[PDB]
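Trainee: This is model.pdb, which holds PDB, C-alpha atoms:
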```
ATOM      1  CA  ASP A  53      37.401 -41.849  34.532
ATOM      2  CA  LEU A  54      34.404 -43.862  33.341
ATOM      3  CA  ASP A  55      32.522 -43.177  36.596
ATOM      4  CA  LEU A  56      33.156 -39.432  36.444
ATOM      5  CA  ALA A  57      32.207 -39.545  32.756
ATOM      6  CA  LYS A  58      28.786 -40.976  33.638
ATOM      7  CA  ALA A  59      28.315 -38.535  36.520
ATOM      8  CA  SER A  60      29.370 -35.408  34.595
ATOM      9  CA  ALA A  61      27.445 -36.317  31.433
ATOM     10  CA  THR A  62      24.204 -36.850  33.349
ATOM     11  CA  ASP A  63      24.772 -33.754  35.503
ATOM     12  CA  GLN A  64      25.505 -31.422  32.583
ATOM     13  CA  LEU A  65      22.756 -32.696  30.295
ATOM     14  CA  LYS A  66      19.964 -32.818  32.876
ATOM     15  CA  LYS A  67      20.825 -29.405  34.380
ATOM     16  CA  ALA A  68      20.860 -27.680  30.985
ATOM     17  CA  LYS A  69      17.740 -29.620  29.930
ATOM     18  CA  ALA A  70      15.959 -28.134  32.948
ATOM     19  CA  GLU A  71      17.149 -24.516  32.629
ATOM     20  CA  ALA A  72      16.444 -24.304  28.886
ATOM     21  CA  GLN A  73      12.788 -25.311  29.245
ATOM     22  CA  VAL A  74      12.441 -23.069  32.302
ATOM     23  CA  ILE A  75      13.706 -20.035  30.366
ATOM     24  CA  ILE A  76      11.363 -20.880  27.489
ATOM     25  CA  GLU A  77       8.383 -20.843  29.861
ATOM     26  CA  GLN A  78       9.690 -17.572  31.324
ATOM     27  CA  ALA A  79       9.592 -16.251  27.764
ATOM     28  CA  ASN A  80       5.971 -17.397  27.617
ATOM     29  CA  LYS A  81       5.295 -15.429  30.808
ATOM     30  CA  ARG A  82       6.719 -12.350  29.078
ATOM     31  CA  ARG A  83       4.661 -13.252  25.984
ATOM     32  CA  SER A  84       1.417 -13.319  27.988
ATOM     33  CA  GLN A  85       2.449 -10.097  29.761
ATOM     34  CA  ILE A  86       3.034  -8.316  26.440
ATOM     35  CA  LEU A  87      -0.105  -9.680  24.764
ATOM     36  CA  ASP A  88      -2.416  -8.732  27.634
ATOM     37  CA  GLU A  89      -0.777  -5.303  27.940
ATOM     38  CA  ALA A  90      -1.349  -4.745  24.213
ATOM     39  CA  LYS A  91      -4.992  -5.817  24.583
ATOM     40  CA  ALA A  92      -5.595  -3.561  27.599
ATOM     41  CA  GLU A  93      -4.018  -0.506  25.978
ATOM     42  CA  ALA A  94      -5.790  -1.165  22.671
ATOM     43  CA  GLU A  95      -9.165  -1.023  24.385
ATOM     44  CA  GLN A  96      -8.102   1.973  26.499
ATOM     45  CA  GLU A  97      -7.090   3.660  23.224
ATOM     46  CA  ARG A  98     -10.482   2.890  21.658
ATOM     47  CA  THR A  99     -12.371   4.168  24.706
ATOM     48  CA  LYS A 100     -10.321   7.372  24.830
ATOM     49  CA  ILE A 101     -10.836   8.024  21.111
ATOM     50  CA  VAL A 102     -14.619   7.601  21.376
ATOM     51  CA  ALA A 103     -14.761   9.737  24.541
ATOM     52  CA  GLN A 104     -12.781  12.352  22.605
TER      53      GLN A 104
ATOM     54  CA  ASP B  53      33.400 -37.248  27.814
ATOM     55  CA  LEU B  54      33.577 -33.915  29.657
ATOM     56  CA  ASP B  55      34.113 -32.108  26.347
ATOM     57  CA  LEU B  56      30.860 -33.587  24.999
ATOM     58  CA  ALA B  57      28.895 -32.862  28.178
ATOM     59  CA  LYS B  58      30.049 -29.228  28.374
ATOM     60  CA  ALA B  59      29.377 -28.600  24.677
ATOM     61  CA  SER B  60      25.890 -30.151  24.692
ATOM     62  CA  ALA B  61      24.802 -28.289  27.836
ATOM     63  CA  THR B  62      26.025 -24.901  26.609
ATOM     64  CA  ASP B  63      24.520 -25.257  23.125
ATOM     65  CA  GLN B  64      21.222 -26.299  24.716
ATOM     66  CA  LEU B  65      21.339 -23.058  26.715
ATOM     67  CA  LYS B  66      22.088 -21.107  23.518
ATOM     68  CA  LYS B  67      19.085 -22.735  21.818
ATOM     69  CA  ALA B  68      16.898 -21.663  24.733
ATOM     70  CA  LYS B  69      18.095 -18.048  24.534
ATOM     71  CA  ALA B  70      17.460 -17.829  20.777
ATOM     72  CA  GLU B  71      14.014 -19.430  21.116
ATOM     73  CA  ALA B  72      13.022 -17.042  23.922
ATOM     74  CA  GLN B  73      14.120 -14.051  21.827
ATOM     75  CA  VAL B  74      12.064 -15.101  18.800
ATOM     76  CA  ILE B  75       9.086 -15.866  21.068
ATOM     77  CA  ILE B  76       9.245 -12.279  22.327
ATOM     78  CA  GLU B  77       9.620 -10.896  18.790
ATOM     79  CA  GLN B  78       6.496 -12.789  17.709
ATOM     80  CA  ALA B  79       4.750 -11.157  20.664
ATOM     81  CA  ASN B  80       5.976  -7.724  19.511
ATOM     82  CA  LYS B  81       4.701  -8.202  15.957
ATOM     83  CA  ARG B  82       1.339  -9.378  17.329
ATOM     84  CA  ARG B  83       1.309  -6.228  19.496
ATOM     85  CA  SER B  84       1.695  -4.034  16.410
ATOM     86  CA  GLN B  85      -1.051  -5.933  14.573
ATOM     87  CA  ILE B  86      -3.685  -5.711  17.308
ATOM     88  CA  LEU B  87      -2.889  -2.064  18.116
ATOM     89  CA  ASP B  88      -3.213  -0.967  14.485
ATOM     90  CA  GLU B  89      -6.500  -2.883  14.194
ATOM     91  CA  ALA B  90      -7.842  -1.006  17.223
ATOM     92  CA  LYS B  91      -6.643   2.328  15.804
ATOM     93  CA  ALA B  92      -8.335   1.707  12.443
ATOM     94  CA  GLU B  93     -11.636   0.625  14.017
ATOM     95  CA  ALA B  94     -11.691   3.652  16.332
ATOM     96  CA  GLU B  95     -10.981   6.113  13.511
ATOM     97  CA  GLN B  96     -13.722   4.567  11.344
ATOM     98  CA  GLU B  97     -16.264   4.848  14.184
ATOM     99  CA  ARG B  98     -15.291   8.440  15.000
ATOM    100  CA  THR B  99     -15.526   9.705  11.421
ATOM    101  CA  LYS B 100     -18.958   8.197  10.843
ATOM    102  CA  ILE B 101     -20.404   9.506  14.128
ATOM    103  CA  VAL B 102     -19.181  13.059  13.498
ATOM    104  CA  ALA B 103     -20.720  13.146  10.004
ATOM    105  CA  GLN B 104     -24.031  11.864  11.407
TER     106      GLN B 104
END
```
For the file at hand, write its structure as structure tokens.

Mentor:
Amino acid sequence: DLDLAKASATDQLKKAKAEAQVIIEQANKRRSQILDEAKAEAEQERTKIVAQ
Amino acid sequence: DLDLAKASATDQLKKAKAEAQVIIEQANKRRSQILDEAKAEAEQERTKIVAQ
């Protein structure tokens, strides 16, 4: 029981500790996606308005 | 010990999901801000050029 306690505690904690940070960086990938898309369409909007 | 390991891992995952969601919402609010700034600047430019 003590051996499986050590094994399962380390397994659970380290696996979740990896996936949480990984998802947070994935959220930063979506953040950069959204921010650059907003920038690109803001300047396309400006250019279209002035061309108009 | 398994109770503790399971609980800690799953609540770590929950923390990651909540943090990712608020990261994306901050991106969305920033999107609105930059897009409205572009819209205002473009309208100002257009009105002054047409009067000229």

Trainee: Extract, using only C-alpha atoms, all DNA, RNA and protein residues at most 10 Å from residue 82 in chain A, discarding same-chain residues fewer than 3 positions from it, and format them as a PyMOL selection string.

Mentor: (chain A and resi 76-79+85-88) or (chain B and resi 72+75-76+79)

Trainee: May I have the residues within 8 Å of range 61-63 of chain B as a list in words, using all atoms listed in the file and disregarding those fewer than 4 positions away in the same chain?

Mentor: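 Once the nearby chain positions are removed, what remains is residues 64, 65, 67, 68 and 69 of chain A; 57 and 67 of chain B.
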
Trainee: What does the structure give for the distance between CA of residue 80 in chain A and CA of residue 71 in chain B, in Å to one decimal?

Mentor: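 We find that CA of residue 80 in chain A and CA of residue 71 in chain B lie 10.5 Å from each other.
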
Trainee: So which one's closest to chain A, B:81, B:55, B:99, B:90? Using only C-alpha atoms, please.

Mentor: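 Looking only at the distances to chain A, the closest residue turns out to be B:90.
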
Trainee: Expressed in Å to a single decimal, how great is the separation between CA of residue 60 in chain B and CA of residue 70 in chain A?

Mentor: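 Here the two named atoms are 13.1 Å from each other.
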
Trainee: Measure the distance from CA of residue 98 in chain A to CA of residue 96 in chain B in Å and round it to one decimal.

Mentor: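 CA of residue 96 in chain B lies 10.9 Å from CA of residue 98 in chain A.
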
Trainee: Run the PyMOL selection byres ((chain A and resi 104) around 12) on the file and write out the hits as a list in words.

Mentor: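 Listing what the PyMOL selection byres ((chain A and resi 104) around 12) selects in the shown file: residues 97, 98, 99, 100, 101, 102 and 103 of chain A; 94, 95, 97, 98, 99, 101 and 102 of chain B.
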
Trainee: Please write out, as JSON, where the centre of an axis-aligned box around all listed atoms of range 55-72 of chain A lies and how long its edges are, in Å to one decimal, after adding 8 Å on each side.

Mentor:
```
{"center_x": 24.6, "center_y": -33.7, "center_z": 32.7, "size_x": 33.2, "size_y": 34.9, "size_z": 23.7}
```

Trainee: Please return range 56-70 of chain A, rebuilt to N, CA, C and O atoms, as a PDB file, in the frame of the given file.

Mentor:
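Wrote rebuild-v7.pdb, looks like this:
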```
ATOM      1  N   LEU A  56      33.322 -40.875  36.549  1.00  0.00           N
ATOM      2  CA  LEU A  56      33.156 -39.432  36.444  1.00  0.00           C
ATOM      3  C   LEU A  56      32.580 -39.031  35.094  1.00  0.00           C
ATOM      4  O   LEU A  56      31.866 -38.028  35.010  1.00  0.00           O
ATOM      5  N   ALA A  57      32.846 -39.807  34.040  1.00  0.00           N
ATOM      6  CA  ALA A  57      32.207 -39.545  32.756  1.00  0.00           C
ATOM      7  C   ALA A  57      30.695 -39.685  32.857  1.00  0.00           C
ATOM      8  O   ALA A  57      29.952 -38.787  32.441  1.00  0.00           O
ATOM      9  N   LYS A  58      30.223 -40.801  33.425  1.00  0.00           N
ATOM     10  CA  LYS A  58      28.786 -40.976  33.638  1.00  0.00           C
ATOM     11  C   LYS A  58      28.205 -39.836  34.467  1.00  0.00           C
ATOM     12  O   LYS A  58      27.213 -39.199  34.072  1.00  0.00           O
ATOM     13  N   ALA A  59      28.831 -39.555  35.613  1.00  0.00           N
ATOM     14  CA  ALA A  59      28.315 -38.535  36.520  1.00  0.00           C
ATOM     15  C   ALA A  59      28.236 -37.170  35.839  1.00  0.00           C
ATOM     16  O   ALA A  59      27.189 -36.510  35.871  1.00  0.00           O
ATOM     17  N   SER A  60      29.329 -36.739  35.196  1.00  0.00           N
ATOM     18  CA  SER A  60      29.370 -35.408  34.595  1.00  0.00           C
ATOM     19  C   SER A  60      28.440 -35.302  33.394  1.00  0.00           C
ATOM     20  O   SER A  60      27.792 -34.268  33.203  1.00  0.00           O
ATOM     21  N   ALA A  61      28.363 -36.351  32.566  1.00  0.00           N
ATOM     22  CA  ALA A  61      27.445 -36.317  31.433  1.00  0.00           C
ATOM     23  C   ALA A  61      26.009 -36.138  31.905  1.00  0.00           C
ATOM     24  O   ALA A  61      25.295 -35.240  31.432  1.00  0.00           O
ATOM     25  N   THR A  62      25.575 -36.969  32.861  1.00  0.00           N
ATOM     26  CA  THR A  62      24.204 -36.850  33.349  1.00  0.00           C
ATOM     27  C   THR A  62      23.969 -35.492  33.996  1.00  0.00           C
ATOM     28  O   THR A  62      22.954 -34.836  33.726  1.00  0.00           O
ATOM     29  N   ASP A  63      24.917 -35.037  34.823  1.00  0.00           N
ATOM     30  CA  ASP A  63      24.772 -33.754  35.503  1.00  0.00           C
ATOM     31  C   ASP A  63      24.602 -32.619  34.501  1.00  0.00           C
ATOM     32  O   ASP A  63      23.618 -31.866  34.557  1.00  0.00           O
ATOM     33  N   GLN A  64      25.529 -32.517  33.543  1.00  0.00           N
ATOM     34  CA  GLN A  64      25.505 -31.422  32.583  1.00  0.00           C
ATOM     35  C   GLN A  64      24.217 -31.445  31.772  1.00  0.00           C
ATOM     36  O   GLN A  64      23.503 -30.432  31.681  1.00  0.00           O
ATOM     37  N   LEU A  65      23.887 -32.615  31.209  1.00  0.00           N
ATOM     38  CA  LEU A  65      22.756 -32.696  30.295  1.00  0.00           C
ATOM     39  C   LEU A  65      21.450 -32.408  31.019  1.00  0.00           C
ATOM     40  O   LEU A  65      20.631 -31.622  30.533  1.00  0.00           O
ATOM     41  N   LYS A  66      21.233 -33.024  32.185  1.00  0.00           N
ATOM     42  CA  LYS A  66      19.964 -32.818  32.876  1.00  0.00           C
ATOM     43  C   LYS A  66      19.827 -31.397  33.423  1.00  0.00           C
ATOM     44  O   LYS A  66      18.732 -30.817  33.349  1.00  0.00           O
ATOM     45  N   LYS A  67      20.916 -30.786  33.911  1.00  0.00           N
ATOM     46  CA  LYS A  67      20.825 -29.405  34.380  1.00  0.00           C
ATOM     47  C   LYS A  67      20.466 -28.449  33.245  1.00  0.00           C
ATOM     48  O   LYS A  67      19.556 -27.613  33.383  1.00  0.00           O
ATOM     49  N   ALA A  68      21.174 -28.550  32.115  1.00  0.00           N
ATOM     50  CA  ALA A  68      20.860 -27.680  30.985  1.00  0.00           C
ATOM     51  C   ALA A  68      19.462 -27.958  30.439  1.00  0.00           C
ATOM     52  O   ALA A  68      18.744 -27.032  30.040  1.00  0.00           O
ATOM     53  N   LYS A  69      19.068 -29.237  30.397  1.00  0.00           N
ATOM     54  CA  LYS A  69      17.740 -29.620  29.930  1.00  0.00           C
ATOM     55  C   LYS A  69      16.645 -29.017  30.797  1.00  0.00           C
ATOM     56  O   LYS A  69      15.545 -28.739  30.304  1.00  0.00           O
ATOM     57  N   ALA A  70      16.922 -28.814  32.087  1.00  0.00           N
ATOM     58  CA  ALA A  70      15.959 -28.134  32.948  1.00  0.00           C
ATOM     59  C   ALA A  70      15.939 -26.623  32.694  1.00  0.00           C
ATOM     60  O   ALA A  70      14.869 -26.041  32.455  1.00  0.00           O
TER      61      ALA A  70
END
```
